[PDB]
Every structure is written in structure tokens, then in C-alpha cells.
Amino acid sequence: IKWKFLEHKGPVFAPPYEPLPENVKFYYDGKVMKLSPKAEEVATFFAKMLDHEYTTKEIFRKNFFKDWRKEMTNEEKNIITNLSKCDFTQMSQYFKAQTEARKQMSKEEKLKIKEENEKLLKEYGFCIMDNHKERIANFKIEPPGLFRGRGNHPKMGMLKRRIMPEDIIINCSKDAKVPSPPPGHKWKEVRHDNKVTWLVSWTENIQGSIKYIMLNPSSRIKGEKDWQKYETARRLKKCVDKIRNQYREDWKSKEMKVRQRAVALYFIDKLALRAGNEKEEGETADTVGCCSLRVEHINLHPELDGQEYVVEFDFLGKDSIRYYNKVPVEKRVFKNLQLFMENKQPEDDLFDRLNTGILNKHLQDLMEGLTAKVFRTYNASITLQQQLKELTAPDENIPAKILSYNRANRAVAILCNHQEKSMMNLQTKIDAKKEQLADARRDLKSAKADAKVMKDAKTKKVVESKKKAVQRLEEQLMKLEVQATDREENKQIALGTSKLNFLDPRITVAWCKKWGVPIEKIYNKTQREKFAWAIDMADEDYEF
């Protein structure tokens, strides 16, 4: 049970389509064409992505054109037979014009819309869950557009229809004021289910999946489950040795389904690979996980680049982000891999006889609610602890220590597989300070020089101030030099996500406090708000 009471206003529905200006033409074969509304609209979607590689892709265009046709009248259908003959140059230019316009418009325009946004947020961004007014994450309904699937996505480009009240299921308490659908509309169903956390939902027409409107991370419900998310991790931390020495003895099992299991778990532990749930054929870009590694995903090298018993991984993961790695592995694992690989086609799954369900079934058997995913949280978290505990120079300055935090962070966004000429502007700027600082130092030189002979005071104070100047510059300078060393070290690293989902805020908080570092120099309004729990309840001496 997630609540007893729940009341919201519903979702902001996407705004009505605004027909193009009369002077905004479209053509098919150089022939100006007036498009029916539903068709004009769909064309505008493509028009707004014209300067995006998406529009150059086959699948993208194939999918787009077909669904577009579907929104065509019989006449237009008879006419517009191919996308290549269409010309959105005018439409695209417009929209681009419109954008520059926003980008430059009256500040008067700016404040007025932010207000427009704020009230809207005041009116729809909240719900009342139980005894408190809570905040909604995704309150605005997904606008109709074109499906942008990651990777070589088969259905990329299809049209996402315009969601209607009649597509919307509303969830709330039997005792709540039921949001009134828009004038002239009805909901799909008004349900009261207190076992779920979502307030609204509908089914998406492209992958037939359910989309829900849930609460902001800052919610008691969210943050609660989040506090629990790290706990279990700490709990696994407690039983890891066992588990390790458990799956390792399973490598020797008399049953291959088991050996597969323990080995899968080995990679998930060691490598941080994800569970690897079987995906539905054709709905998305082919990607694989630990459990779904087709033999073609691994290569075994008795000896490689020096190390022995190497397992090379080369496959795409969630979002098609590539995974390449050569891992010297345990002898028993190497040897269990060949066996899992014998008499198999490349396309055959490495751990057939094994599944995500089995895996987690076994895990929760070892520790309550211990799932494949937990391993990643544990590994990440405990790493930030050690790394910080390791990189943080006791006698550094806030700036540098911040660099130390970041450094620690990378080591973490790195295992989790999270993935220019900026240096030209910096270094020049650095040089400025170095020279300013230099010349200022020249000032103190004399300042202190005048001081030897005039031990008065007026003099001594001038030295006092010339010194402050040196200090401020060295300051600015140190900062600069840091940004630099930072930027470089962080070329391909993605820390925003590790920071948002795999790292116990408490560790950070615990750090910031001990090191006298303001959380504000490490989290954004957003992160602080989400991690409000941790912040408030974290001892300087928190140990994960």
C-alpha cells in the first residue's frame, strides 16, 4: 500500500495545433501545396528536425513517411507518394526564425512566460498524497511528435499520436476530488488503486507500453524508496564475501544452469554488467546484457596483451552505448565460458538455461530483495567512499577538494560505463592571471620594499592590501588551473547520472561536512532537493 489519500488535478494536455502562416509554403515537386491540418502538423514535426541527422536516416524516413500518409486525406494520398519530393525548407526556416525570435525577444516577453510557466506549475505540478502536498515529476502530457529511438532503432520516426483525455487513466483515492476532463471530453477510466505510486497513465502507441505521471524525486514516496535503495546495498555489502565465495563454488557445480548463473553474477559483480533482460524482438535496437550475451559478444584469449584468461567483451548496452573490454578472468570462469560457448552459433545466447528471473530468484534467496541491480549501487557507492577517502588531500583548498570529489566521481561513472577546444580559452585566461598575479607580486615587492625604510603604518597597511591582492589572484588562478585539469580528465566521462542514481548522497554529504565543503558547490538545486533526506540526516562520520 502506497497511500490512503491521493488527489491531483490531472495532466497538462499538449496545446492545440496552430496552423502555419499563410506565407509559409510547402511543396511536392516544386508545387506549392496546401496541407490539411492533421497532415500539416505531422509535416511540421519533420520540418523541425530537418537539421538533425535523424532526417537523413532510412528507417527514420521510411517510418515517418508511412505514418504521415496515414494522416493524409485520399486526395493528398494520391499526390504525396514520396518523401524525397517534399520540401520543408520554408517550414523549417520559419520555425528556425521563430526560435531566434524567442532567443532574442523582449525581456518583457521572458518574465511574462516564466510567470505563465510558474502558475501552471502551481496549478498542475502538485498533488496531495496522504497528508501532504507533494510535487509531480512529469505533469505535462507528451506532445505528439516523432519517435526518437536510441541506436539503430527499427521504429524510430514513427509518429507519436496526440494523447487524449480518453487515453488517460486517472488514479486517485475514492475520497478525492476527481479532476474534471477538459470541456467536451472524458477520461478513459478513473481508478483508485493505492497499491501503485502513479497518478496518471496511458498506453503509448509505438511500443504499446504504459506511460505514467509520477512524483518528483523530492517526494516522500520517492526519496523513501531511495533511502531503501542504498540500505540494501549496504546490506549486500555485509553479505558480499559470502555471496562471492558462494557463486565461486557454484562454478564447480554439477549443473550448467548453475555454473551459468554464478558466472553471470561474476560479471555483474566484477564488471557491473546489467541483468540483461530478454528484449522483445523488433521493438527496439538490438542491445544485450549479462544474461543476454550472445556468444558473438565475447571472445576468449588464453593469453592476451600479456595477461592470461582474458574475456573480451564487445556488445552494445542500454541506449546502444558500446561495451568493449578485455578482462583477465578467474581460471574456472574462463574454463566455464568455453563450455558455455561450445557447439553454439555466434547468435546463440551464452547463458542459455539461465535467466534474469532465475538469477534474481537466487539472489533474493541469499539476501532479501537482493537484485542484480543492487550490485551496481554497492560497487559504485563503496567506490566513491574509498576513492574520496583516497584522493581528498587533507590540506587542500575547497576548489581542489572539489576536483578531488570529481576525480572520485569518475572512477564511479567509469565502472558504471557512463559515456573540446575549450582549453584554448582557459589556458589563455590562465596566462592572464599568471601574469596579472606576477605583476601584482611586483607591487608587493616594492610595497614590502617601501616598508623596510618606513616602518610607519600607512606603509605597513599598503603591504597588507598588496598582499590581499596577491592572494585573491592566486585564488582566481588556482581555480582556473583546476577547471582546466578538470575538463581534460573529464572528456568522455558522464557523471550526472552516477551522481543521480548510483551514489549514496550520504557519502557526499558526509564528505562536504568533514571537509567543510558546502553542498552547494557539489549539487544542483535539483540534486539537493532530491537528496534533502540524506542532507538533513547525514553525520560527518557517515560510513557506507
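Residue positions are given as counts along the sequence shown, with the first one as 1.
In the deposited sequence, the stretch from residue 419 to residue 420 hides 4 to 9 residues that have no coordinates.
Here the stretch with the larger average CA B-factor, out of 115-123 and 187-195, is 115-123. Looking at 353-361 and 420-428 together, the entry lists the larger mean B-factor for 420-428, computed on C-alpha atoms. Annotation for 246, 216, 320, 203: 246 ranks highest, by Cα B-factor. Highest C-alpha temperature factor among 279, 468, 135, 140, as the PDB entry reports it: 468.
In the PDB entry, a CA B factor belonging to the highest third of its chain's modelled residues is recorded for residue 488.
For residue 347, the recorded CA temperature factor ranks within the middle third of the chain's modelled residues. In the deposited entry, the Cα temperature factor of residue 539 places it in the highest third of its chain's modelled residues. The entry lists a Cα temperature factor for residue 260 that places it in the lowest third of the chain's modelled residues.
For residue 298, the recorded CA temperature factor ranks within the middle third of the chain's modelled residues.
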